[PDB]
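One structure is given here, and the rest of the page talks about it.
Letters A, B, ... mirror the listed sequences (proteins, then strands); counts begin at 1.
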Amino acid sequence: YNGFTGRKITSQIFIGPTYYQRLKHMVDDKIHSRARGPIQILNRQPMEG
Amino acid sequence: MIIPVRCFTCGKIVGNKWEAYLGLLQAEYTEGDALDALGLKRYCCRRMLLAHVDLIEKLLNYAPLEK
Amino acid sequence: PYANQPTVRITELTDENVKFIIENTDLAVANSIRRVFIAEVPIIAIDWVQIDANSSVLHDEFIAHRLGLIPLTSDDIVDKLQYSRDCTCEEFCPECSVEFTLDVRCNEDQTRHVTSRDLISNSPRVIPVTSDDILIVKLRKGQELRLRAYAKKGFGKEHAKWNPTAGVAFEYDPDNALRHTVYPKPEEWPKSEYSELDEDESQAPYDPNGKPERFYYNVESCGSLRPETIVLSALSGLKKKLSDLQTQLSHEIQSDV
Amino acid sequence: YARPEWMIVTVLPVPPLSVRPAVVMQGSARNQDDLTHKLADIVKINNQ
Amino acid sequence: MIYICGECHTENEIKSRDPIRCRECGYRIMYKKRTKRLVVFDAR
RNA sequence: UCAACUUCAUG
Ligand SMILES: CO[C@@H]1[C@H](O)[C@H](n2cnc3c(=O)nc(N)[nH]c32)O[C@H]1COP(=O)(O)OP(=O)(O)OP(=O)(O)O
Ligand SMILES: [Zn+2]
Ligand SMILES: [Zn+2]
Ligand SMILES: [Zn+2]
């Protein structure tokens, strides 16, 4: 049954208990942004990482 | 690590049923019959007890940092 | 041009369950009543935890999580209690919250099962649905858990800890006569418990003029609120949301004029 | 712009310190660039 | 501060610039011990 | 708040 409207979904949906794993890759570890931050000595270009 | 309070899918309290489940398993009851005796009806709640691994007992073997 | 008059028939009433049928109502109204059951019925649950000492294996925020999920009796005073935002006093006070305390130490050799029974409330009306018990943590000898908690009014839209219900079963058209679900092979499909069809007939004949009515509900209580009062509070809360909407609408219409 | 004799190295250009920065650790020590070490070797051999 | 011993679990008070050795057991691993200030946890 | 190197992962 559709959660928002309550109407039965016309196509019957495949449901069951499946085992799922949470991989170590998480968005908080990957989000990054740069704006005139630290700069390397030799190249005098923005740093890496 | 320890039996979750409340089934994830619906929210029925399953935290109070682990010790009773283990006792019923010791009695003779099959896993399904014990789950029925505890009142777990939907397969979402039965997954909570059936698939639970109680690691808190293994962690309690290590001695506490402060005694 | 006006609202239909709904009718209710309660089939089952037990301390944990209410099975009822609402007839002559719209699908939207019925679904939103179910939605309010799940998300917009106020309840009392722990939302502030301060752990003085936690030497248990579980970390502090794990303990706080488990304490928040513990149901608390909220039958009468949840309507009296105010939200923390509404209360004039800074932080929390008897009117906006309830205080619990836990002081457990495993002095004995045998493992001590800290349960919801060990939580002690300052007001007798809120108790952790103890009258087994929910296991907060297991303590080895020499391990101690001491904490103070404050429980506040809230509803399930904020957090699932405030859900007053376990599973709301909602069904309409038990025998498919509006063809809202089109079975590829109707015979393979199990009959509903509310189905009135004979065993030979898999589906009722298509009703071209039909509209979803006679909705069947089974509301299971989590123990915090009685299953009857979950439904009554949901109806009242939906009515209050509509009335607030109407007040704001009238004010803005007056402003436009 | 280029005479064949100028190809043979009689004067070795020593790059500025910007080209070969001094690599500082904790103020306790200053490692030197590979170019600085190679130039030190060249100076030693030239003096010998 | 006061450091709890790793092995014998007895609090010992070690001044700054002092070797990290528990009295009466000699273990060289100490732990800083929980803070007096209290942190609020939302049960969520 | 350095730099080289390696390895391991992500597309
Ligand atoms: C579809 O093409 C992409 C891109 O070409 C880019 N890519 C990825 N790895 C590399 C690499 O090593 N070097 C370069 N240059 N590009 C690379 O990744 C390719 C696919 O790889 P995949 O086949 O694993 O994608 P699934 O089919 O596996 O997707 P699921 O169902 O998991 O989501
Ligand atoms: Zn469940
Ligand atoms: Zn207050
Ligand atoms: Zn020691």
What does nucleotides 1-11 of chain F look like as a protein-contact string, B for base, S for sugar-phosphate only, - for none, at under 4.0 angstrom between heavy atoms?
-B------SS-
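Using a cut-off of 4.0 Å between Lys/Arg side-chain N and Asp/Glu carboxylate O, C:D86 and C:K153 are scored as not salt-bridged. Ion pairing of C:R35 with C:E40 is absent here, as no side-chain N (NZ or NE/NH1/NH2) approaches a carboxylate O to less than 4.0 Å. Ion pairing between B:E31 and B:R46 fails under the 4.0 Å rule for side-chain N and carboxylate O.
Taking a pair as Watson-Crick or G-U with both hydrogen-bonding distances under 3.5 Å, no stem of three or more pairs touches RNA chain F.
For residues 28-60 of chain B, the pairs satisfying ring-ring contact (aromatic ring centres under 6.0 Å, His included) are B:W18-B:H52, with sequence neighbours left out.
Residues that satisfy the side-chain hydrogen bond (donor to acceptor under 3.5 Å, both in side chains) test with A:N2, not counting sequence neighbours, are A:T5. Remark: E:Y31 engages no residue in a ring-ring contact (aromatic ring centres under 6.0 Å, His included) (not counting sequence neighbours).
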Indicate every side-chain donor-acceptor pair of residues 26-41 of chain D with a distance under 3.5 Å to a residue at least two apart or in another chain.
residue: D:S28; atom: OG; partner: D:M25; partner atom: O; Å: 3.2
residue: D:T36; atom: OG1; partner: D:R20; partner atom: NH1; Å: 3.2
residue: D:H37; atom: NE2; partner: D:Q32; partner atom: O; Å: 3.0

